[PDB]
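Here's the structure we're looking at; comments come further down.
Chains as they are written, first to last, in the entry's author numbering: chain Z, 4 to 181, 185 to 213, 216 to 239, 267 to 278, 288 to 525; chain z, 1426 to 1525; chain H, 6 to 78; chain Q, 13 to 151, 155 to 193, 196 to 248, 276 to 368, 370 to 483, 486 to 528; chain q, 1013 to 1151, 1155 to 1193, 1196 to 1219, 1370 to 1483, 1486 to 1528; chain G, 7 to 145, 147 to 185, 193 to 221, 224 to 247, 275 to 347, 349 to 473, 475 to 526.
Structure follows, in structure tokens:
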């Protein structure tokens, strides 16, 4: 038979399922080493000798040259888990992986894939519905928000200064919520000094070109200009007449133009990123005209206090006190640049964590606290469904118990042993029972502050089941044309 | 298993699952679905009682005590004993050392 | 994985001293004969033909193809 | 299929630990020989067939071809340490390795990597608390100044003149240290005569180009130029009107611009590095005059002495005796380029050490003394801190025993014997007790003079620690080929 | 670790079931060419340099070193069918192979070996029930005797003198049978002259002086001489002789196939398949005659459901014909047991999956 | 020596037939598992980067680069099956391959294809006769006519907007019905918006040369023109003398000709694709003419609404309300070109099934109900034919049972068991009984509401059988290097 073209691998019978399961399982274990507060970030080096050192699962699975068709799929799962929700990206990869493990166990026993799918699917729905019964109802409460944002910062680098950054996150999110929008929080990272100096400005932070231009304009009227100020004095005359004390140009400014601008007491900056210009027009309420002669006294943004202070030997232009207190800037002061790289990602998640916390009063006990619960629930839900379906549910419940296991894993404690304690304590205290590694024993996650957003868990089961099962159907790829 | 608790809970449960090999195999030597039959037999069992067994001659879970299918006490009793006992020992033997 | 590439021959401990010692000893021996009034001259050829008859170590060590660290010393 | 693509060397868990640790050990031991007056230099020759004979670890690592991930982390530790104070460059290296060595042994036993870090991190903060308490604060004061400078000059190739290099660096860093800066020190390596000829010039030395010009100008009116003197009369004539008897051009000068500057009796100097121009503007008060038309009399710096000395047989202009010379020049002298290289390498270090004093008077009795003390203290500390951490803490201290171990190593003294003896005599002679290589036996470092900077040790522990910790976490990393 | 011993070839499930069936089938095909009047002789030489050109399956199998356990079962069947009546010693074999052949197909479909066993046995018991209702009864009478003896002398080497050999076993087994028993017949192989020189020595113990050009020819004649004698014993002990030519088989295949239609379940397949084995008999008959089985059988079956039992196959003329009107009538008891032994043989072989051989 | 070329393969007899079959039977075992509501989507990967993960055999066979012609024909089978009734593309492939697996069974018994084909062909008619002999006539009626177009659009990327798509095909097919021609349904797709913006236009659509010309005409008398109006006055006078008001020029119109036609109130549309000139001459009745000198008042068609609308800033000319709107235009809207070609097909296939409810609304219960009855019927015919062919008949009939067998297979339950029980109740209670993949038990399709238009199954048997022919006929396949 020649339906394929020369050089076309074909998976057939159980062989496909086997390679697929192991595949997704392998990559699932490799990423399982960075889960938990004791996780370990990975250093991925592409061809150009690049060195990507991060803790987030998604990014990792986006830099690792995966040759496993299955793993590649597992990469698409972690992606849909980082784009829709974000944090926990890892958790998902493990679930789907462990899930396939339980299934295979059954398949090798003689059970047909289809019946197994129905089993898991039957548990999925119920699972998602259980998360709707175990979700902790709170509110835009500043307290709970601080707990979540704090727990999010943990298990990472900034875990050293979670208290500080968390606070800034809550404030920035409280001043950008209309319906929360993260595009209203400008994250500016700067080197020099420690990461304990991070402050929260309520305006813009650009990173006076001429030594004669004022270093601090009060009611500075920004005259946004996109065109270049080179080939001159006539262009400077048109600005002074339009009453523009602070001309933030997107292009370079002719050396001679700066002398005529500083002679008038005009504070003009040059070479401003297009993204900073648009942020200056949406905060101060200014209009960015292309040509220098299209500007007018009615296109000047109203600023309260525009000062240029040194953020580590580097003078930054702070344009805070804007007429619209809905545009805040989260300045990030820290040691090296690489450090701020990770940290900046922490805030990105901190803002998103608080964001969903206010937009959704859901806050379930993380740290597996939910996992174990759902597991025991399904275990008592399988006898009501019976049939080979009973197994599916069970397996889905056993797959949910991977999170708490991995927790006791990355911690060092006995995986199995701990599992028994947590499970025995969970069916005695309630849904608030979690796996606290810092104490080496199961504790009330809702008492330690360890909380997770509903969206996470919910979205989790979703992206998992769908894809996972689909990987049990594709028993042949065949590369042809 | 939920009473003894601890890592033993699993041991006991596993021992229970291992005991389910008899019914499975039966359906295996008959020509009926292994898992399928196990479910029906287990469901009915958790309803009628110790009288529910696997009647291959019918291809469905029936009452052993009714059909007249009964096993001596000594037989069963001796089965688990000789098994678990010897079985475990083999598990402890982590080495043997030989030659050629 | 792998500290140094396939070429950075690392000689530490003693396998470094030895080698450098042996070569230095042998190079010296070469001129060790040009010592005295009846020394043993050496017609150094520069591959291109030009043969140079010298008895002075310097002139000889400056006209020879030296490609060894401990030797160039 | 293949979990990862081709040409991707990976390592997980212990497998990685062994490799990382090993690579670091050999790299830490390689430079270990470059410690103390027994420092055995190395000869590294890059592609360009360039021979580098240095005793400084940093200089070694930054010249060695390192491609090993974890191994590169050691190059960073030595880099930062060299940028902090300079001294102790090798200290961090060796120590970093020992740590990993003791830690790895803990894992193979069954201990969790997590606890390892915690124990080590916790002991890193305890030590940073012990050092400041045990440290021996010294008195500025030329008497105390020479003491520290005299203990930073040894252990090198210029030990024959540890008395000269001491006074030379004692004079320079004591003429303009407002807040001292190691950048106001310009060292020159002039061949000719032994290092016992090194002089201290109060200013900045360079090389002129014109003869007929004034070789030795009194109160000169320096005018720093950067624009070429090529076309030449109006350019050189505009320099004679301002009263500039000394021209320091940045680029090349036209032959007609030289003959004119040679006729105006104006000493002209062409081909002046960009840094030499800046150093001349902050020493005499000259202004970096771009073009040759805007210079005036208020742009001319005053330099009481600008003569042409041919020390070592090479012409050199000495701009000494100024109003507020903020930058002095160290005139080094060497019989060979080899000795001249080593000397300078050490001179800079002393420049940094002195810079440490201006911002930290404290000092500790080096030679292993402090190490043993910390080891003693930390160990006891571990016994006071229950939990599996007690083991990690004590192990951390056991690492400090590698410093004096290396000391007696590069001397041929049985470590096992010298160490045991050191501790015993150290637990009675206190801090001061150390190891005197020149005479294999315990001795009071404070009395022997050997005193290191407190701040020098401080950073070392922190940098090395945090660094090592990182390399240990990333226990799984493929690549992306 | 090493499972059983050293060099102990074992198998389980598919691999096994297949090993056994392959051997049996092949062993059936080999002798399948020795059936019908087109029966072609075989040349078998033992470790004693002895050449035996026989056409009798039993004789053949008992000359071939068959160490293969699974195959041995086929050696017993031919042996037992040769002891009872003799004729059709190849009928029991071929059938056996077929049964297992259409059986393997069933399992490889997803059926239960047991359901396959139940069916074959249920139909087997049924078949033997149709045999007496179809068998052609008869009563000693030199008439029906010379008729059955003639159809018992054919399909053999000495078929050239089917007339004389007919009279030979006609006189003997009609001089002392009082309750006849072949233990009174003494066959003597006297090399020399053709087979037309055969005589009947008189008497509860008659000597049969046989004449044969060569040895192979001698054994061939004698082999069947016993066939005419044994068959006589059966008839005198059982007044029933079904019509052959494959007639009975087809009808039994026509009844069983429909019998499976009235009995659903996993038995249905096994049943209908069991009947498909009887079609192997008329298949072999055509085989030896070089006729297309597929076409001849289909035709035979059609007319068979038209002309009834009698309808058979006349090799001497590629076309269906009435066996009872053509003078073709075999022994009832002969066919009877065959279906029994064969059905039984195949079974035990199947129920045996684990075997620790050695090579 | 070399008969047919050099380095060429050569089969014969038992080698040509055997290969031809298996090749087709194999390509069938590739998508067979993709049949049913429990199919298993495969994930092919062409040598470019396009990973196509579909379930439709067609799209699957159109990706798999084939070599062996035998398999290629199979691709043609799906190319003819998906071009008619869409779905079932797999069914036909499965059968076609099976018919061969059983055929070869006779090729071993030695039964020349002729004797075989003849049967297969005569048997093919048997199924057909039976199909129309047991099919139920389901009522045009917009109500049911919709449930027929819907059940097809279901389970597709268009399923989301099935309802809308259903009506689209409903109105389209209900208009081109005079015998319903599908070659009058001009589909037009424009990017922008969602699939809910679609609609059905009653008239040809073109993709106002003068901004002052008539934007809409009450009684448009179009005049199809191919030639150009460029070099003009005389050419523009021969048209106006035909009492027109809209000139559809195929080529470009000169600026001059734009003023003359605008001067006489005549909307001129220059540069009109040739395809558009043919659609306007069949819907409006305007004869297409070459040069203008040949334009008379007879070639002038007639419309009832020619309005120019901006379908996305793109002013498309709408010549709707034609006298004979026998050629409608379906405007399909899609997020991209992928959801645009997909939705387009689902609509087209939908138009076909609907093209049946108005011509021959016959349909048979799915679940394989049809296949079984036919299989049971053909079996009867076998006994009514006897002869050697008596077996082949049964063979084919028993080959149609694969649909239900493979159906229950992808469910998990027993394939054989269900088969026995199937034929059973199927031989008693009519054909109303079919396989239920959701209950794993044979259920009365007719009563469950599962019915498939005869045509759908009509083409099925026809194709599958005919296929086995052209293949069985393939005597030899040489022609090599």
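Heads up, the beta-carbon is just placed ideally off N, CA and C, and yes, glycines get one too.
Under a three-way DSSP split, which group does residue i fall into?
| i | result |
| --- | --- |
| residue 1514/z | helix |
| residue 495/Z | strand |
| residue 149/Q | coil |
| residue 438/Z | helix |
| residue 306/Q | helix |
| residue 198/G | coil |
| residue 1506/q | helix |
| residue 369/Q | Position 368 is followed directly by 370 in chain Q, which means residue 369/Q is not present among the coordinates. |
| residue 206/Q | strand |
| residue 496/G | coil |
| residue 347/Q | strand |
Expressed to the nearest angstrom, what Euclidean distance is found between the alpha-carbon atoms of residue i and residue j?
| i | j | result |
| --- | --- | --- |
| residue 21/Z | residue 384/Z | 42 Å |
| residue 1517/z | residue 478/Z | 35 Å |
| residue 16/H | residue 25/H | 10 Å |
| residue 42/Z | residue 58/Z | 8 Å |
| residue 175/Q | residue 358/Q | 25 Å |
Using a cut-off of 8 Å between C-beta atoms, extract the partners of residue i located in chain Q.
| i | result |
| --- | --- |
| residue 47/Z | 524, 525, 526 and 527 |
Which residues of chain G have a Cβ atom closer than 7 Å to the Cβ of residue i, listed in chain order?
| i | result |
| --- | --- |
| residue 522/Z | 50 and 70 |
Along chain z, in chain order, which residues have C-beta atoms closer than 8 Å to that of residue i?
| i | result |
| --- | --- |
| residue 432/Z | 1460, 1461 and 1464 |
Rank the options by C-alpha distance to the C-alpha of residue i and give the top, closest one.
| i | options | result |
| --- | --- | --- |
| residue 476/G | 23/G, 413/G and 513/G | 413/G |
| residue 173/G | 184/G, 238/G, 499/G and 161/G | 161/G |
| residue 309/Z | 196/Z, 272/Z and 294/Z | 272/Z |
| residue 457/Q | 28/Q, 50/Q, 24/Q and 22/Q | 50/Q |
| residue 391/G | 315/G, 212/G, 340/G and 140/G | 212/G |
| residue 57/G | 6/Z, 46/Z, 289/Z and 79/Z | 79/Z |
Who are the neighbours of residue i on chain q, taking C-beta pairs under 8 Å?
| i | result |
| --- | --- |
| residue 1456/z | 1123, 1124, 1125, 1126, 1127 and 1433 |
Listing by chain order, which chain Q residues have their CB less than 9 Å from the CB of residue i?
| i | result |
| --- | --- |
| residue 74/H | 55, 57 and 63 |
Taking C-beta pairs closer than 9 Å, name the residues in chain G that residue i reaches, listed in chain order.
| i | result |
| --- | --- |
| residue 1469/q | 430, 431 and 434 |
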